[PDB]
Amino acid sequence: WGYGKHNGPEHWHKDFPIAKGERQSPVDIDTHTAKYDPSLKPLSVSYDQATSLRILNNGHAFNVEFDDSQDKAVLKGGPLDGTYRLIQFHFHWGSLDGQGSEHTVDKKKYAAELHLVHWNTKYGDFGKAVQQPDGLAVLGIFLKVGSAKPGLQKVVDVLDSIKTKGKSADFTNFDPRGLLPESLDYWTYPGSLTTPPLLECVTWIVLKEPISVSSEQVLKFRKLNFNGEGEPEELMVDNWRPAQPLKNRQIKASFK
Ligand SMILES: CN(Cc1ccccc1)C(=O)Nc1cccc(S(N)(=O)=O)c1
Ligand SMILES: [Zn+2]
């Protein structure tokens, strides 16, 4: 599977029939139909003790990986019961500024989308968590092109060292708090991984406020490669799944 004409999202259901399931992601967030839920709690993002370790080009995106062997960087509150540990973040982005996000807002596509991936500590590790309907919490943050995001620059500047699939680099002491917008207002709904195996294990928490990144920052994302070293160059762009049917789900808003 990938994002090309012959192996992209429209083909995934052949290997992963859950692609046509009842709680697939991403979705379009219709802002007028989302309902304010006053029982939703503020999000608690506790990233002060985060320990980043490594950055990896996995052939579909790049992951910044964290030490998740202790409760060092955790997400709690909001719609969540219990404690969810940060394991990695990554992005999805476009070939052009007019596309790239997975979720859309009133059909608007952003230039990119950041996914901060967390697993429910009651399941012991990530591999067990993805087998559970409440196993993961993914915090999604839209990126628009405008001013630079200073806290993203350290990520941008290492990408030259992980150009191709399978390359990794040490990436310690990175603070993911520098990727957050000011407001933690959010929408939430039950969904899935947006990549094969498309497991229906995610509580999605999508922030209303985008972050701004510069044109030069996103252009550096677009220099990455899907291919391995010594294979024909295929730029890593348009690594996003389009919006899927909402089916029998309601999107809830934390804000009026
Ligand atoms: C493809 N693999 C490897 C993988 C292989 C087999 C089983 C489980 C996982 C992923 O882990 N993907 C992933 C993980 C978390 C979040 C998101 S996302 N984009 O929904 O935030 C995508
Ligand atoms: Zn993702």
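Remember, it's 1-based here, ligands and their atoms both numbered in the order they're listed. Numbers here are sequence positions counted from 1. Values reported hereafter were calculated over all heavy atoms of this structure, with side chains retained and with hydrogens, waters and symmetry mates removed.
The minimum heavy-atom distance linking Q99 with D238 is given by the pair NE2-OD1, 2.9 Å.
Annotation: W187 is in aromatic contact with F255 [ring centroid separation under 6.0 Å]. Aromatic rings from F62 and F91 are positioned such that their centres are separated by under 6.0 Å. For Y189 and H103, the distance between ring centers is under 6.0 angstrom.
A donor-acceptor pair shorter than 3.5 Å can be found between the side chains of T194 and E102. Counted by atom type alone, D15 and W1 present zero donor-acceptor pairs between their side chains at under 3.5 Å.
Excluding waters, the protein N/O/S atoms found under 2.8 Å from the Zn ion (ligand 2) are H90 NE2, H92 NE2, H115 ND1.
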Are there any N/O pairs under 3.5 Å between ligand 1 and the protein, and if so, what are their distances?
from, atom 1, to, atom 2, distance (Å)
ligand 1, 12 (N), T195, OG1, 3.0
ligand 1, 19 (N), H90, NE2, 3.3
ligand 1, 19 (N), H92, NE2, 3.4
ligand 1, 19 (N), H115, ND1, 3.4
ligand 1, 19 (N), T194, OG1, 2.9
ligand 1, 20 (O), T194, N, 2.9
ligand 1, 21 (O), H115, ND1, 3.3

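Listed by first then second residue, pairs satisfying ring-ring contact (aromatic ring centres under 6.0 Å, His included) with a partner in residues 146-179 read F89-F174, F171-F174, not counting sequence neighbours. Annotation: salt bridge (charged side-chain N to carboxylate O under 4.0 Å, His left out) contacts involving residues 194-204, sequence neighbours excluded, are absent.
The side-chain contact (heavy atoms from CB on, under 4.5 Å) test with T188 is passed by exactly one of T203, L80, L43: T203.
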